[PDB]
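Peer 1: I have a structure here, written as structure tokens, and I will follow up with some questions on it.
Backbone-built Cβ (ideal geometry, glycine too); neighbour counts: all protein chains shown. None of the figures in this text is laboratory data; all of them are computed from the coordinates on show.
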Amino acid sequence: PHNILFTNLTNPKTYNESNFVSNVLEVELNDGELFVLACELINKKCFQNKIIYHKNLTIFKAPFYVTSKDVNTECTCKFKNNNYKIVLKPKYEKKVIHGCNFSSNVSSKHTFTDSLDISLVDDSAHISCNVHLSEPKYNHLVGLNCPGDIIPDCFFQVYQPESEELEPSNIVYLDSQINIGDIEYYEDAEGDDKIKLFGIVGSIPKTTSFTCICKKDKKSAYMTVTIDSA
Amino acid sequence: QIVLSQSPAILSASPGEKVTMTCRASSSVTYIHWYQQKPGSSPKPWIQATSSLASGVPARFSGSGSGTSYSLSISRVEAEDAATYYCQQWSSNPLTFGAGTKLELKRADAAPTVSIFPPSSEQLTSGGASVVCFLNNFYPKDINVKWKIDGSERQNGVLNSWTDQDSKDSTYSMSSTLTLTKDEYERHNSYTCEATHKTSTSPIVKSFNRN
Amino acid sequence: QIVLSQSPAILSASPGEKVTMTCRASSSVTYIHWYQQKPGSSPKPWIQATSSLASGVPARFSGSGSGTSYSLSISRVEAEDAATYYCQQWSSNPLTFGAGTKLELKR
Amino acid sequence: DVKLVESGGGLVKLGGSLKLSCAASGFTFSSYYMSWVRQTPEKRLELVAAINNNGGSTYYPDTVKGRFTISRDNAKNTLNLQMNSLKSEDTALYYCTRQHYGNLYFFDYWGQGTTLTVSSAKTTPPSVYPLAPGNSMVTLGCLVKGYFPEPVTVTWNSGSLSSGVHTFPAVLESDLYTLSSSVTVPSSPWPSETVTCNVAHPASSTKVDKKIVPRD
Amino acid sequence: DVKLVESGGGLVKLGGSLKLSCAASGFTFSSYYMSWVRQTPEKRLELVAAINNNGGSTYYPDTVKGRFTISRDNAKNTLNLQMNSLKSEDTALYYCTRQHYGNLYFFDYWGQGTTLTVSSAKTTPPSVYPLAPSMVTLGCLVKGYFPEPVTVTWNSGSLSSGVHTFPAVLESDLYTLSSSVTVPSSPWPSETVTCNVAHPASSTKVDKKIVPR
Ligand SMILES: *[C@@H]1O[C@H](CO)[C@@H](O)[C@H](O)[C@H]1NC(C)=O
Ligand SMILES: *[C@@H]1O[C@H](CO)[C@@H](O)[C@H](O)[C@H]1NC(C)=O
């Protein structure tokens, strides 16, 4: 027990009704942290993500990416005829996204390492945007901002890399492709622009690559990712 | 080799209906491409990567499926959708297509505009004599044709050709031609073209007499 | 009562254009019905329950909205779509209609 | 924009050999996978051969492996397919179509096709016969009979007469094709204006124009 | 097929009273909410009155509450609306339309409507005046009639192409309209062209042959 915030309000760092300020509990959940609360929830539902509601107890996992420092999931407890509020939000770090922004709007909430305005490319074309990652350990966000259709469902499904010989490339599940476990996924939408990404923490068994396709009207593009280790 | 089975072979539907065809693969495949082909033209890219729509393909079209079962769906069928649809795979060599699903669209029950033609005097001089009989813009597709030379049938020498469904008016058209030797043609007087169609209990006949 | 404002008053468009009209309600409303009226005939049910399409309404039509902002969209305008379109609410008495957006063509 | 033009098709006798070429225009030819795909008389699409963007690696399904040979000249924007030891089963319409790794190998552009006929029957020219009788509208016809082989093109008034025209598919009589094309115009131009069917048979290098006159 | 047939509309003088009836056919009348909805000259739609499936409870917006009275005879498949103390503002085309709780109170069926006119103006016959001076354009002025309608036809209906019959307008209290027909220079005045104006309210038929000035 080293990454648990326990708040005891019923009958491993244990907080109680003393850490509250005016019956409020602002909780900064580190990316590698867990929060287990023990109380009787007012409406038995909460968190205006991955949460587990079990009897008079609740557990919440910190999301890898946070868009606005104000976004937060709020629980209200009722112990001994008293109301206590717990605000939970992850530590605000403006992580960059290692991918290609194909969209043209510049007032986005997300920052991409590479970018390629698909609106400018020729019709009936297929231009590539490559993104590479080369670290021993990873703690990065890889995604894209496509103003139109995205192929396949990225990044839960991905497109195999190109074959030198005349062999077909298929759609695979990212978990199998990069061969790691707790891959976190995240989606977003700014008007018509779709923002699909995935997180990656830890090392990697074998240097592998994949592709995700973005089409808009008669124009098309594709982002090729490559991550390495060992 | 992966066998792609397309069912149904003929998909009959009335405008507005929510229809869906099925592409069943022998083994598992990771994606299915869809192409639309209308007579007189090559296949046209329709649905990309199982679900993505080609440019200009109307939103009513939709694709879905995985493994050995994929599909194409039209929410509100329009008259312009009548065509043959092919599904294509390439999860392993070789790339294989499907047999196709031809889209039949229901229409107003139309009687065929029949028209018979005696053999041209030019062909007669050459020693031949072919009688042509057109049956155009009818619905349903089910129809039958027989030739009654002076009352008696003459199935020997009869060639028949049918067009697929017209994408504009959803009707069908058929041509029949009984060929005969100049001598045999002269030995008879009455040349009839009988047609049996849902539009009538009695057959729509069209005969010409050599006076 | 609830005032239903339809904009634009006249929506002129060329065949194929993606067009959208807007039904802005004075207060919040939970649903908006859509009816199409062509001259010489009474209104016809067009879009049911904000987004559901009435029987025979082509797939190009689409309804979308909530609260005080609803809309009707045509993906590829066809010549037969030229008509006046009315939005209807009944989240509270009385049931009120809209002024009506008239779809005009261009040549 | 993008454009692919097959050429070189025709009638080849049993066991013969023939080279088909495809002209490409309007795109970066060197960046697209090219492929030859045929269509059988039973209306079935089959992949004949494929090639990669740089022309290095190629694939042929076992059905034609070793017999056919694809090739590409990126400097000339051309795709060629040398077919040898052709069998009757190879009779098909051959399309020239493209693919790209960046579009999940999607055939976004096909051609109009070039027609291959693998048979020992002799090339025979067509015999155009006019179809006219002797009252709001009138339906005229044009009988094409006894030719070999398809391709064949039937048009009316040099293409201007397009509406109300049904060109029925061809059928084998004994070992020659036969088809017909209908045209329906009002009764007003039947005695006044002229209507002509333009039948062309490239295999026999023959062009026929038959003006439809009333039966006299 | 479902069918709703309004009836009983006409001209009522200021403050008068009139009952409109609606015939229903082709469905279980007793299971649907019925409602009268009217369309103003401004082409706006307004709910006049509504009734429940069993005829028990009813609603009337404050604009007409107390004046009008909706009613239904489920045995006869009829819907009636007794309108009293009619004002000029009530001049509208009244539709008979239905709803169902099971379709989110959607107006899925409407009749063709019956036209109500609330005015004190006296019935006045029309005065047809000919309009006479390439495709020559001739006209037919219909002036000083009441009330609407008026049927303007050209050559007993045979002349249909190139005919614009403009809507009628209130001058002081009487209507006035015109119809424009455009024929080539060849058929006129060589062949005759006549506008046939009929006013059923005044029991009047006029046929004015258009001659050159
Ligand atoms: C947790 O709450 C219960 C309330 O009955 C109390 O008895 C217990 O000592 C608390 N434990 C901690 C570690 O705060
Ligand atoms: C992004 O820019 C486009 C410009 O066309 C605009 O329509 C859209 O509303 C913008 N998105 C946001 C979230 O402001």
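Peer 1: Dipole of the protein assembly as shown, Cα-centred, from +1 at each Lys and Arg C-beta and -1 at each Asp and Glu C-beta, to the nearest 20 debye?
Peer 2: I would put it at about 1860 debye.
Peer 1: Where does chain A land on Rg(C-alpha)/(2.2 N^0.38 Å)?
Peer 2: Dividing the Cα radius of gyration by 2.2 N^0.38 Å gives 1.23.
Peer 1: What dipole magnitude, in Debye to the nearest 20, does segment D:127-212 give about its Cα centre under +1 on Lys/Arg Cβ and -1 on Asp/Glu Cβ?
Peer 2: That gives segment D:127-212 a dipole magnitude of about 160 debye.
Peer 1: Given E:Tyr33, E:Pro189, E:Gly66, which one lies farthest toward the positive end of the charge dipole of chain E, if we put +1 on the Cβ of every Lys and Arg and -1 on the Cβ of every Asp and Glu?
Peer 2: Of E:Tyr33, E:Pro189, E:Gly66, it is E:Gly66.
Peer 1: Report the one residue of E:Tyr175, D:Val128, C:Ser52 whose Cα lies farthest in the direction of the positive end of the charge dipole of the protein assembly as shown (charges on C-beta: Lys and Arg +1, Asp and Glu -1; origin at the Cα centre).
Peer 2: E:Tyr175
Peer 1: Pop out the ³J(HN,Hα) list for segment A:93-103 in order, Karplus 6.51 cos²θ - 1.76 cosθ + 1.60 with θ = phi - 60°, rounded to Hz; leave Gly and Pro as x.
Peer 2: Karplus values, whole Hz, x for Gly and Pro: 10, 7, 5, 8, 9, 8, x, 10, 8, 7, 7.
Peer 1: Let me check I've understood the local charge: for D:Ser85, count other residues with C-beta under 15 angstrom from its C-beta, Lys and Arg +1, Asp and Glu -1. What total comes out?
Peer 2: Its environment carries a net charge of +2.
Peer 1: Of C:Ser91, C:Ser66, C:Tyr35, which is farthest on the positive side of the dipole of segment C:4-104, counting Cα position, with +1 on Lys and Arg Cβ, -1 on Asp and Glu Cβ, and the Cα centre as origin?
Peer 2: Result: C:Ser91, furthest along the dipole toward the positive end.
Peer 1: Next up: Under 12 Å from a point 7 Å along the Cα-to-Cβ line of E:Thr137: which residues of segment E:172-213 have their amide N that close?
Peer 2: Hits in segment E:172-213 for E:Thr137 at 12 Å: E:179-183.
Peer 1: Continuing with the same structure: How many partner chain Cβ atoms sit within 10 Å of a residue's Cβ in peptide D:43-50, on average, as a whole number?
Peer 2: So the per-residue partner count for this stretch is 5.
Peer 1: Please state the Cα pair-distance histogram of the protein assembly as shown with 20 angstrom bins from zero: what percent is in each bin?
Peer 2: Taking every Cα pair in the protein assembly as shown, the percentages come to 10, 27, 32, 23, 7, 0.
Peer 1: For all pairs of alpha-carbon atoms in segment C:43-92, what percent lies in each bin of width 5 Å, listed from the first bin to the last filled one?
Peer 2: 4, 17, 33, 27, 12, 5, 2, 0
Peer 1: Would you calculate, for chain B, the mean residue ellipticity at 222 nm contributed by helices, counting each DSSP H stretch of 4 or more residues as -39,500 (n - 2.57) and dividing by all residues, to the nearest 500?
Peer 2: The helix contribution divided over chain B gives -1000 deg cm²/dmol.
Peer 1: While we're here: Dipole magnitude of chain C about its Cα centre, charges +1 at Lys/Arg Cβ and -1 at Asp/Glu Cβ only, in debye to the nearest 20?
Peer 2: 100 debye
Peer 1: How are the alpha carbon pair distances in segment B:113-209 distributed across 5 Å bins from zero to the largest one, expressed in percent?
Peer 2: Percent of pairs per bin, in order: 3, 13, 24, 23, 17, 10, 7, 3, 0.
Peer 1: Would you mind checking which residues have amide H under 5 Å from E:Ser71's amide H? H placed 1.01 Å from N; only 5 or more apart, or other chain.
Peer 2: Those lying under 5 Å, H to H, from E:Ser71 are E:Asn80.
Peer 1: Then there's this: So, counting K/R as plus one and D/E as minus one, what does the shell of residues with Cβ under 15 Å around A:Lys215 add up to?
Peer 2: Result for the neighbourhood of A:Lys215: -4.
Peer 1: Determine ³J(HN,Hα), in whole Hz, for all residues of segment D:59-70 in sequence, where each value follows from phi through the Karplus function 6.51 cos²θ - 1.76 cosθ + 1.60 and θ = phi - 60°; x replaces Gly and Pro.
Peer 2: Running phi through 6.51 cos²θ - 1.76 cosθ + 1.60 with θ = phi - 60° gives 9, 9, x, 3, 4, 10, 4, x, 7, 9, 8, 8 Hz.
Peer 1: At what distance in nm do the modelled label points of C:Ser92 and B:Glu186 sit from each other, each positioned 7 Å from its Cα along Cα→Cβ?
Peer 2: Using points 7 Å along Cα→Cβ, the separation is 9.7 nm.
Peer 1: Taking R0 as 41 Å, what FRET efficiency do you get between C:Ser5 and E:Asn52 from their Cβ-Cβ distance, rounded to the nearest 0.05?
Peer 2: After rounding to 0.05, the efficiency reads 0.85.
Peer 1: Further question: Evaluate 2.2 N^0.38 Å with N set to the residue count of chain C, then give the Cα radius of gyration divided by it.
Peer 2: Ratio of Cα Rg to 2.2 N^0.38 Å: 1.00.
Peer 1: Something else: Starting from the Cα gyration tensor of chain E, take the square roots of the eigenvalues, sort them a ≥ b ≥ c, and report rounded, prolate or oblate (rounded when a/c is under 1.5, otherwise prolate if a/b is larger than b/c, else oblate).
Peer 2: Prolate, since a/c reaches 1.5 and a/b exceeds b/c.
Peer 1: So, one more: Just counting partner chain Cβ atoms within 10 Å, what average do the residues of peptide B:50-56 show around their Cβ?
Peer 2: 5
Peer 1: Shifting gears a bit: Taking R0 as 35 Å, what's the FRET efficiency between B:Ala108 and E:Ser158 from their Cβ-Cβ distance, rounded to 0.05?
Peer 2: The computed FRET efficiency comes out at 0.75.
Peer 1: Put a dot 7 Å past each Cα toward the Cβ at A:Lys44 and D:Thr206; how far apart are the dots in nm?
Peer 2: 8.7 nm
Peer 1: Strictly over 19 Å apart at the Cα level, which of A:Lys194/A:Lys216; B:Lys38/D:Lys207; B:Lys182/D:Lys207; A:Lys95/A:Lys137; C:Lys18/C:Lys44 would you flag in this model? Could you put the intermediate results ahead of the total?
Peer 2: Details: A:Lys194/A:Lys216 12 Å; B:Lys38/D:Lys207 27 Å; B:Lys182/D:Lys207 26 Å; A:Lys95/A:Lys137 16 Å; C:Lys18/C:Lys44 22 Å.
Those over the limit are B:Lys38/D:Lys207; B:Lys182/D:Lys207; C:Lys18/C:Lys44.
Peer 1: Now for a separate question. Once phi is turned into ³J(HN,Hα) by the Karplus curve 6.51 cos²θ - 1.76 cosθ + 1.60 with θ = phi - 60°, what whole-Hz value does each residue of segment A:215-230 show in order, with x for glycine and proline?
Peer 2: 10, 8, 6, 8, 9, 8, 7, 7, 9, 9, 10, 8, 10, 9, 4, 6
Peer 1: Looking only at segment B:100-140, which residues have a backbone nitrogen under 19 Å from a spot 7 Å from the Cα of D:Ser187 in the C-beta direction?
Peer 2: What the label zone holds, given the 19 Å backbone N cut-off, is B:113-117.
Peer 1: Around C:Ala82, what is the net charge, scoring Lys/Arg as +1 and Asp/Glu as -1 over all other residues with Cβ under 15 Å from its Cβ?
Peer 2: Neighbourhood net charge equals +2.
Peer 1: Using modelled backbone amide H atoms (1.01 Å from N, in-plane), which distant-in-sequence or interchain residues come within less than 5 Å of B:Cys193's amide H?
Peer 2: The list, which skips near neighbours in sequence, is B:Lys148, B:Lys206, B:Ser207.
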